[PDB]
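Asks:
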Amino acid sequence: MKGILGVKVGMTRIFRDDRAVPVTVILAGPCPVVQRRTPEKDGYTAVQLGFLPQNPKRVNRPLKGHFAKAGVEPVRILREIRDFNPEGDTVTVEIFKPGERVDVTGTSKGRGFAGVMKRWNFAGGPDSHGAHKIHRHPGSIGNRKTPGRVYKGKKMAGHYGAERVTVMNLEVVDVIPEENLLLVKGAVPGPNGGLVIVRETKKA
Amino acid sequence: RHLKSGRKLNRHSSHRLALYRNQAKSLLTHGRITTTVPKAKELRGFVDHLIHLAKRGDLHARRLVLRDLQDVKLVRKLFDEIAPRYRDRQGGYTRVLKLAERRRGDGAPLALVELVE
Amino acid sequence: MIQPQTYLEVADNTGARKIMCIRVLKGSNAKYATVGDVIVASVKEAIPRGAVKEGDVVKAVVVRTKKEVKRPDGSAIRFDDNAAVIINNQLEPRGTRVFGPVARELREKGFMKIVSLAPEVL
Amino acid sequence: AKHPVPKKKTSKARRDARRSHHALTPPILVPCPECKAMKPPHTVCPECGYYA
Amino acid sequence: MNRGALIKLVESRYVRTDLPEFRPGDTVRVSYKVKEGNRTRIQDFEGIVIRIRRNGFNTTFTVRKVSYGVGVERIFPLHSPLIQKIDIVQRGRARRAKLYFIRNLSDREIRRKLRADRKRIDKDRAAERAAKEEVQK
RNA sequence: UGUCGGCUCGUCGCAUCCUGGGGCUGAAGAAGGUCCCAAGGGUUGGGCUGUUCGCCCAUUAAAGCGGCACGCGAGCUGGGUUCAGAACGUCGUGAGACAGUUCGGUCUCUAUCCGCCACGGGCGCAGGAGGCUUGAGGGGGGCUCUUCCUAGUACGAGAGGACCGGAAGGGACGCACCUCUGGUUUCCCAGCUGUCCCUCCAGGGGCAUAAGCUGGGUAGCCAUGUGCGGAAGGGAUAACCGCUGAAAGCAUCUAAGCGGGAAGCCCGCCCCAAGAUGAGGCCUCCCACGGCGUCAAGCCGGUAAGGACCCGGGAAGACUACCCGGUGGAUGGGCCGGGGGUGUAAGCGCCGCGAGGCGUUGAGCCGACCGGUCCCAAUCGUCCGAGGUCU
RNA sequence: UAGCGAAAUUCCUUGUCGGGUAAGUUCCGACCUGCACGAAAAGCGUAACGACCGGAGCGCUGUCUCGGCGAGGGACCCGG
Ligand SMILES: [Mg+2]
Ligand SMILES: [Mg+2]
Ligand SMILES: [Mg+2]
Ligand SMILES: [Mg+2]
Ligand SMILES: [Mg+2]
Ligand SMILES: [Mg+2]
Ligand SMILES: [Mg+2]
Ligand SMILES: [Mg+2]
Ligand SMILES: [Mg+2]
Ligand SMILES: [Mg+2]
Ligand SMILES: [Mg+2]
Ligand SMILES: [Mg+2]
Ligand SMILES: [Mg+2]
Ligand SMILES: [Mg+2]
Ligand SMILES: [Mg+2]
Ligand SMILES: [Mg+2]
Ligand SMILES: [Mg+2]
Ligand SMILES: [Mg+2]
Ligand SMILES: [Mg+2]
Ligand SMILES: [Mg+2]
Ligand SMILES: [Mg+2]
Ligand SMILES: [Mg+2]
Ligand SMILES: [Mg+2]
Ligand SMILES: [Mg+2]
Ligand SMILES: [Mg+2]
Ligand SMILES: [Mg+2]
Ligand SMILES: [Mg+2]
Ligand SMILES: [Mg+2]
Ligand SMILES: [Mg+2]
Ligand SMILES: [Mg+2]
Ligand SMILES: [Mg+2]
Ligand SMILES: [Mg+2]
Ligand SMILES: [Mg+2]
Ligand SMILES: [Mg+2]
Ligand SMILES: [Mg+2]
Ligand SMILES: [Mg+2]
Ligand SMILES: [Mg+2]
Ligand SMILES: [Mg+2]
Ligand SMILES: [Mg+2]
Ligand SMILES: [Mg+2]
Ligand SMILES: [Mg+2]
Ligand SMILES: [Mg+2]
Ligand SMILES: [Mg+2]
Ligand SMILES: [Mg+2]
Ligand SMILES: [Mg+2]
Ligand SMILES: [Mg+2]
Ligand SMILES: [Mg+2]
Ligand SMILES: [Mg+2]
Ligand SMILES: [Mg+2]
Ligand SMILES: [Mg+2]
Ligand SMILES: [Mg+2]
Ligand SMILES: [Mg+2]
Ligand SMILES: [Mg+2]
Ligand SMILES: [Mg+2]
Ligand SMILES: [Mg+2]
Ligand SMILES: [Mg+2]
Ligand SMILES: [Mg+2]
Ligand SMILES: [Mg+2]
Ligand SMILES: [Mg+2]
Ligand SMILES: [Mg+2]
Ligand SMILES: [Mg+2]
Ligand SMILES: [Mg+2]
Ligand SMILES: [Mg+2]
Ligand SMILES: [Mg+2]
Ligand SMILES: [Mg+2]
Ligand SMILES: [Mg+2]
Ligand SMILES: [Mg+2]
Ligand SMILES: [Mg+2]
Ligand SMILES: [Mg+2]
Ligand SMILES: [Mg+2]
Ligand SMILES: [Mg+2]
Ligand SMILES: [Mg+2]
Ligand SMILES: [Mg+2]
Ligand SMILES: [Mg+2]
Ligand SMILES: [Mg+2]
Ligand SMILES: [Mg+2]
Ligand SMILES: [Mg+2]
Ligand SMILES: [Mg+2]
Ligand SMILES: [Mg+2]
Ligand SMILES: [Mg+2]
Ligand SMILES: [Mg+2]
Ligand SMILES: [Mg+2]
Ligand SMILES: [Mg+2]
Ligand SMILES: [Mg+2]
Ligand SMILES: [Mg+2]
Ligand SMILES: [Mg+2]
Ligand SMILES: [Mg+2]
Ligand SMILES: [Mg+2]
Ligand SMILES: [Mg+2]
Ligand SMILES: [Mg+2]
Ligand SMILES: [Mg+2]
Ligand SMILES: [Mg+2]
Ligand SMILES: [Mg+2]
Ligand SMILES: [Mg+2]
Ligand SMILES: [Mg+2]
Ligand SMILES: [Mg+2]
Ligand SMILES: [Mg+2]
Ligand SMILES: [Mg+2]
Ligand SMILES: [Mg+2]
Ligand SMILES: [Mg+2]
Ligand SMILES: [Mg+2]
Ligand SMILES: [Mg+2]
Ligand SMILES: [Mg+2]
Ligand SMILES: [Mg+2]
Ligand SMILES: [Mg+2]
Ligand SMILES: [Mg+2]
Ligand SMILES: [Mg+2]
Ligand SMILES: [Mg+2]
Ligand SMILES: [Mg+2]
Ligand SMILES: [Mg+2]
Ligand SMILES: [Mg+2]
Ligand SMILES: [Mg+2]
Ligand SMILES: [Mg+2]
Ligand SMILES: [Mg+2]
Ligand SMILES: [Mg+2]
Ligand SMILES: [Mg+2]
Ligand SMILES: [Mg+2]
Ligand SMILES: [Mg+2]
Ligand SMILES: [Mg+2]
Ligand SMILES: [Mg+2]
Ligand SMILES: [Mg+2]
Ligand SMILES: [Mg+2]
Ligand SMILES: [Mg+2]
Ligand SMILES: [Mg+2]
Ligand SMILES: [Mg+2]
Ligand SMILES: [Mg+2]
Ligand SMILES: [Mg+2]
Ligand SMILES: [Mg+2]
Ligand SMILES: [Mg+2]
Ligand SMILES: [Mg+2]
Ligand SMILES: [Mg+2]
Ligand SMILES: [Mg+2]
Ligand SMILES: [Mg+2]
Ligand SMILES: [Mg+2]
Ligand SMILES: [Mg+2]
Ligand SMILES: [Mg+2]
Ligand SMILES: [Mg+2]
Ligand SMILES: [Mg+2]
Ligand SMILES: [Mg+2]
Ligand SMILES: [Mg+2]
Ligand SMILES: [Mg+2]
Ligand SMILES: [Mg+2]
Ligand SMILES: [Mg+2]
Ligand SMILES: [Mg+2]
Ligand SMILES: [Mg+2]
Ligand SMILES: [Mg+2]
Ligand SMILES: [Mg+2]
Ligand SMILES: [Mg+2]
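Residue numbers (my numbering), protein chains in the order written: chain G, 482 to 685; chain Y, 14 to 130; chain E, 14 to 135; chain S, 75 to 126; chain D, 605 to 741.
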């Protein structure tokens with residue numbers, strides 16, 4: 482189970498043989514394993530990857546002691562890849578080879594307080610033949626005396642986006658070890674400059 | 014939601030542009046000016062670009078400032094005394110200090126726009 | 014992109030000059046149909062004593078479209094009108110010689126007759 | 075007056091409860107280097123002055 | 605990190621350089637590699653460049669012509685590995701950038717509305733054969 | 001206790017319309033008939049009519065039935081239905097009258113509680129703190145067709161024509177994205193008309209909307225555009241098929257026991273989740289009393305690790321919250337470079353009586369994007385925050 | 001009686017036939033078993049006229065497939 486942190490840089494397109502291919506440029510910058518998680522004393526298996534360097538000015542937190550207890554350069558952000566025990570050093574885009582496929586997690590763009598119209602792609606009501614104060618409205622939301630309430634789950638307008646999003650089975654097109662770039666098939670959550678983890682898929 | 018964009022403002026298209034002109038004029042008249050933190054923070058940039066344009070020379074750029082400001086006598090002050098002072102200074106011809114005092118009867122936080130020095 | 018109620022221009026000597034789309038013959042509920050797709054349509058106007066009459070309900074195949082079609086190689090292409098060639102239920106073109114260019118997609122879709130009979134294929 | 079209308083007079087308890095978070099907070103002030111007086115942070119104030 | 609764009613520009617090396625200058629409001633024809641069955645043609649497309657849509661790499665441009673009574677418009681990735689050549693065939697006074705207006709009245713009118721950039725044209729022929737002199741001799 | 005129909009949003013049943021599984025068949029095959037299992041998901045677009053219903057056109061895997069005040073008017077509509085007007089037929093001497101027709105006819109800005117969608121404040125989690133996880137419980141999703149190979153094989157006189165297994169492409173739907181396609185982009189650029197103005201010409205400003213109009217448009221936001229999903233796979237099981245097997249010398253799938261077996265059940269996949277008060281776990285950091293309370297849990301001003309306030313801001317955002325930054329600094333503004341947009345600015349020279357034209361010139365201008373530079377501004381500072389119950 | 005007639009009168013009724021349409025309980029032509037037209041509560045017809053009511057076609061479009069973006073006045077936050 483491979484895994485590596487990165488940041489969405491932006492996206493354009495490249496040409497495979499003689500057919501264009503839209504691609505998002507992840508940047509799986511160098512990530513120093515900061516702590517291993519074994520069943521022996523954690524209950525589960527995983528690896529605390531670090532990512533992106535940090536000036537000791539903010540790291541004033543005894544985190545310095547955490548980074549110290551592993552002799553690593555204090556990074557800015559660190560999250561765990563589960564069930565993935567590498568070798569005792571550092572992961573690279575190298576874990577991925579072209580043709581492999583990856584699942585990718587990110588924090589979608591924040592659409593704030595959303596209209597049910599968009600939040601749930603509803604259909605509201607007539608732009609014309611009447612009522613005019615119910616255009617982008619949800620319409621009924623229940624029935625009479627029975628049930629007499631509303632289902633826990635009812636699609637209603639609220640905060641939409643800025644949630645955690647995993648997108649499945651993207652193919653790793655290119656991988657440029659030179660500068661730590663992962664090249665995938667475009668569709669990846671979060672906005673540019675956003676943080677994002679990338680790992681092996683579940684085709685099987 | 015919107016805003017992913019850039020810039021801010023109340024009022025509307027014309028009334029708002031005209032606000033900046035009128036404010037710049039007076040800033041370029043009195044050098045120091047006191048208004049609401051927002052208006053100030055916005056007016057901030059609008060002015061600089063003017064100063065820095067007068068920092069250049071061609072009557073072209075003259076006329077360009079002649080667009081927003083309108084007083085001929087006022088543009089001279091800008092070219093023949095303001096621009097000179099700020100030569101050899103890249104931008105930042107404008108400072109904005111937060112006033113410690115609230116307008117009464119609308120609770121508005123005031124602030125200070127000032128031709129830098 | 015053609016849908017029901019859309020008027021196509023008839024690109025052959027079928028006799029018909031214009032037909033309106035009745036149903037887009039892809040899946041069980043396709044919104045629209047582009048080049049290479051087949052559709053049921055009504056002859057809304059046609060040339061005198063032609064092989065096909067007004068009101069004739071017929072099948073045809075989209076060959077030119079106002080909405081641009083994207084080639085997998087990143088290129089695109091569009092025509093000034095929406096056009097189609099009336100066909101056999103065997104999916105062979107009723108009328109003989111067709112006129113006006115046609116999309117290369119017809120090739121991949123298996124309409125060799127028309128790409129043959131085409132004055133040009135962009 | 076029209077459609078929606080409160081069903082029952084709000085309990086004097088349930089009222090004050092709603093006012094749970096209503097209390098104010100003291101303004102944040104600080105002594106200034108200039109006078110011994112008090113300023114709010116980041117703000118030029120009278121009896122004091124500034125520097126550039 | 606700080607150059608997230610410069611980073612993108614690095615993925616770009618699929619970019620061509622041979623292809624010539626040509627701005628909207630002047631005809632030109634592109635040679636497009638095509639798959640007839642399985643082999644490969646080189647279909648030509650001669651027409652007026654209706655709009656160039658700049659965006660560094662993957663900037664696109666669109667041509668318009670009228671094959672057999674019907675008007676046809678194509679778009680090409682300015683750096684497509686499928687544009688063998690692209691020869692400019694004439695140059696004309698634009699007076700505008702995006703010019704879709706030529707659509708709704710093309711004919712004797714489309715001519716006398718894009719005359720001839722005898723300015724650029726003279727730079728063409730002149731600096732054309734001139735620079736050829738300095739590589740012939 | 002507002003009544004039909006439509007609209008929006010649905011949700012449940014299963015007596016199952018489709019897809020899944022199975023016995024029988026007057027099942028050769030293909031196709032079908034009929035019964036049994038099986039809600040997971042799916043169940044199109046138009047004509048006619050107020051319609052429900054139904055007939056019809058063109059498709060489909062299919063175009064299921066029904067409950068929810070014949071769901072749903074503090075959600076909508078108001079064609080019909082039930083006011084006042086008017087008319088036809090029609091009954092009545094008449095006034096009037098008709099589950100007979102016909103044209104018209106006022107549907108109420110503010111949600112208190114429950115419920116629901118989101119987002120905070122408080123306290124708690126018997127040391128204080130920063131970071132990183134576990135997953136009890138829960139939620140989302142679960143559709144399908146077509147062509148190709150196997151094979152023109154089995155099967156069949158032929159016409160037809162498979163299981164099984166394998167590949168390719170499509171419809172609708174869902175999450176996400178801006179590269180491309182394509183939209184908007186309210187002042188980014190340009191052109192144009194009336195007018196009034198600066199300043200006479202030139203140049204330019206206001207107004208013509210809350211852009212005067214027109215042509216064009218980055219970032220952002222987005223669908224017509226892009227990528228990805230539905231599985232796979234493990235377990236248990238329905239109808240059913242079968243092993244071993246007695247009562248009951250035989251026989252029997254069952255009574256002891258075992259295997260096979262569905263789009264279904266449990267898991268697996270994506271999201272939430274320790275207020276899971278049954279408050280979990282791991283890494284690291286801080287650490288005694290300093291003063292009243294003898295006895296007991298408390299009380300007080302100072303503290304630590306740390307946090308907060310404030311300020312500069314942000315693809316975060318109603319607010320708050322979340323996040324980054326705060327001079328040890330590139331956080332916003334400015335300037336500079338690039339990208340991009342518009343499409344040769346002004347001024348001068350030249351040609352033309354003139355409107356104009358040509359050179360300078362891809363000039364001038366230039367929001368949002370990519371990046372640089374301390375000129376501008378995030379100064380200075382304050383407040384809170386263990387001293388860790390008992391067995 | 002004339003004239004008119006599934007009608008602002010037709011229950012059966014979406015009567016039957018024809019036109020229009022891909023498909024027409026509406027519309028329009030026609031027939032006449034007129035439930036229950038009919039001759040100054042006038043019968044039939046009629047150029048023009050009508051913010052009257054019905055049917056159809058062209059043109060054009062956010063009415064719609066099906067929504068998206070954007071602007072201002074609210075709604076949100078602070079002071080009265
Ligand atoms: Mg630590
Ligand atoms: Mg996980
Ligand atoms: Mg796992
Ligand atoms: Mg490695
Ligand atoms: Mg209304
Ligand atoms: Mg009304
Ligand atoms: Mg209303
Ligand atoms: Mg109304
Ligand atoms: Mg209302
Ligand atoms: Mg109700
Ligand atoms: Mg109840
Ligand atoms: Mg290597
Ligand atoms: Mg390197
Ligand atoms: Mg900004
Ligand atoms: Mg104005
Ligand atoms: Mg205006
Ligand atoms: Mg002013
Ligand atoms: Mg004032
Ligand atoms: Mg500026
Ligand atoms: Mg000058
Ligand atoms: Mg004046
Ligand atoms: Mg049309
Ligand atoms: Mg006809
Ligand atoms: Mg017809
Ligand atoms: Mg007909
Ligand atoms: Mg091509
Ligand atoms: Mg191709
Ligand atoms: Mg033939
Ligand atoms: Mg092709
Ligand atoms: Mg064929
Ligand atoms: Mg040919
Ligand atoms: Mg409070
Ligand atoms: Mg001072
Ligand atoms: Mg059953
Ligand atoms: Mg049955
Ligand atoms: Mg079945
Ligand atoms: Mg069979
Ligand atoms: Mg059967
Ligand atoms: Mg009716
Ligand atoms: Mg239907
Ligand atoms: Mg129902
Ligand atoms: Mg009932
Ligand atoms: Mg009932
Ligand atoms: Mg009802
Ligand atoms: Mg109502
Ligand atoms: Mg109703
Ligand atoms: Mg209703
Ligand atoms: Mg009404
Ligand atoms: Mg009616
Ligand atoms: Mg009514
Ligand atoms: Mg009345
Ligand atoms: Mg009588
Ligand atoms: Mg009756
Ligand atoms: Mg009526
Ligand atoms: Mg009326
Ligand atoms: Mg009525
Ligand atoms: Mg209102
Ligand atoms: Mg309300
Ligand atoms: Mg409330
Ligand atoms: Mg939340
Ligand atoms: Mg509070
Ligand atoms: Mg809370
Ligand atoms: Mg669970
Ligand atoms: Mg579940
Ligand atoms: Mg579920
Ligand atoms: Mg469900
Ligand atoms: Mg075969
Ligand atoms: Mg055979
Ligand atoms: Mg064969
Ligand atoms: Mg055969
Ligand atoms: Mg045989
Ligand atoms: Mg045989
Ligand atoms: Mg035979
Ligand atoms: Mg055969
Ligand atoms: Mg294919
Ligand atoms: Mg844009
Ligand atoms: Mg003017
Ligand atoms: Mg003026
Ligand atoms: Mg005026
Ligand atoms: Mg004026
Ligand atoms: Mg006005
Ligand atoms: Mg415009
Ligand atoms: Mg446009
Ligand atoms: Mg879509
Ligand atoms: Mg589509
Ligand atoms: Mg998936
Ligand atoms: Mg898909
Ligand atoms: Mg799929
Ligand atoms: Mg699948
Ligand atoms: Mg299994
Ligand atoms: Mg099993
Ligand atoms: Mg069991
Ligand atoms: Mg057996
Ligand atoms: Mg036995
Ligand atoms: Mg016995
Ligand atoms: Mg036995
Ligand atoms: Mg047993
Ligand atoms: Mg087993
Ligand atoms: Mg089993
Ligand atoms: Mg989680
Ligand atoms: Mg947690
Ligand atoms: Mg429990
Ligand atoms: Mg100590
Ligand atoms: Mg002691
Ligand atoms: Mg003591
Ligand atoms: Mg702040
Ligand atoms: Mg803020
Ligand atoms: Mg901070
Ligand atoms: Mg400080
Ligand atoms: Mg910055
Ligand atoms: Mg910024
Ligand atoms: Mg710039
Ligand atoms: Mg760039
Ligand atoms: Mg440039
Ligand atoms: Mg440019
Ligand atoms: Mg010029
Ligand atoms: Mg000009
Ligand atoms: Mg000039
Ligand atoms: Mg002269
Ligand atoms: Mg230049
Ligand atoms: Mg210049
Ligand atoms: Mg310049
Ligand atoms: Mg620039
Ligand atoms: Mg400007
Ligand atoms: Mg420097
Ligand atoms: Mg003990
Ligand atoms: Mg008679
Ligand atoms: Mg009739
Ligand atoms: Mg009549
Ligand atoms: Mg009928
Ligand atoms: Mg008929
Ligand atoms: Mg008919
Ligand atoms: Mg009639
Ligand atoms: Mg009768
Ligand atoms: Mg009679
Ligand atoms: Mg009588
Ligand atoms: Mg009489
Ligand atoms: Mg009369
Ligand atoms: Mg009459
Ligand atoms: Mg008449
Ligand atoms: Mg009238
Ligand atoms: Mg009148
Ligand atoms: Mg119609
Ligand atoms: Mg006409
Ligand atoms: Mg029309
Ligand atoms: Mg607004
Ligand atoms: Mg707000
Ligand atoms: Mg309020």
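For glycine and all other residues, C-beta sits at the position ideal for the given N, C-alpha and C.
1. I want to check one thing, is the minimum distance from the CB of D564(G) to the heavy atoms of ligand 3 below 7 Å?
2. What residues in the segment 529-549 of chain G bring their beta carbon closer than 7 Å to a beta carbon of chain D?
3. Could you tell me whether any Cβ in chain G is nearer than 8 Å to the Cβ of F626(D)?
4. Check whether the Cβ atoms of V126(Y) and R57(Y) sit closer than 8 Å, and answer yes or no.
5. Contact criterion: CB-CB distance below 8 Å. Does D86(E) meet it with respect to chain G?
6. Check this for me: beta carbons of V646(G) and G587(G), under 8 Å apart or not?
7. Less than 6 Å between C-beta atoms, sequence neighbours within five positions excluded: which residues of the same chain meet that for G623(G)?
8. Quick check: the Cα distance between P670(G) and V528(G), rounded to an integer number of angstroms?
9. Please say whether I654(D) and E677(D) have beta carbons closer to each other than 8 Å?
10. So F496(G) contacts chain D; which residues on that side make the cut at Cβ distance below 9 Å?
11. Is the beta carbon of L82(Y) less than 8 Å from the beta carbon of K38(Y)?
12. Alpha carbon to alpha carbon, how far is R627(D) from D86(E)?
13. Run through the segment 518-576 of chain G for me and flag every whole beta strand (DSSP E) of 3 or more residues, listed as ranges in chain order.
14. State the start and end residues of the unbroken alpha helix (DSSP H) segment that holds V88(Y).
Replies: This is what the structure gives:
1. Residue 564(G) sits at position 83 when you count from the first residue of the first sequence. Yes, ligand 3 has a heavy atom inside 7 Å of this Cβ.
2. none
3. On the fifth sequence, residue 626(D) is found 22 positions in, with the first residue counted as 1. No, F626(D) does not count as interfacial toward chain G.
4. For the purposes of this step, residue 126(Y) is identified with residue 113 of the second sequence, where counting begins at 1. For the purposes of this step, residue 57(Y) is identified with residue 44 of the second sequence, where counting begins at 1. The answer is yes: Cβ separation under 8 Å.
5. Residue 86(E) sits at position 73 when you count from the first residue of the third sequence. True, the Cβ-Cβ gap to chain G drops below 8 Å.
6. As a first step, residue 646(G) must be located in the first sequence, where it is residue number 165. As a first step, residue 587(G) must be located in the first sequence, where it is residue number 106. Cβ distance < 8 Å, so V646(G) and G587(G) count as in contact.
7. Here residue 623(G) refers to the residue found at position 142 when the first sequence is read from its first residue. Cβ neighbours of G623(G) beyond the five flanking positions: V631.
8. Position 189 of the first sequence holds residue 670(G). Position 47 of the first sequence holds residue 528(G). If I take the Cα positions, the gap works out to 23 Å.
9. Locating residue 677(D) in the fifth sequence gives position 73, counting from the first residue. Locating residue 654(D) in the fifth sequence gives position 50, counting from the first residue. Yes; because the gap between Cβ atoms is below 8 Å, this pair is in contact.
10. By 1-based counting over the first sequence, the position of residue 496(G) is 15. Residues of chain D passing the Cβ test: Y618, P681, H683, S684, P685 and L686.
11. For the purposes of this step, residue 82(Y) is taken as residue 69 along the second sequence, with counting starting at 1. For the purposes of this step, residue 38(Y) is taken as residue 25 along the second sequence, with counting starting at 1. Yes, the Cβ-Cβ distance between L82(Y) and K38(Y) is below 8 Å.
12. Taking the first residue of the fifth sequence as 1, we reach residue 627(D) at position 23. Taking the first residue of the third sequence as 1, we reach residue 86(E) at position 73. Near 23 Å, if we compare the C-alpha coordinates of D86(E) and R627(D).
13. 527-534 and 556-563
14. The residue given as residue 88(Y) occupies position 75 in the second sequence. Element bounds for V88(Y): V85 to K90.
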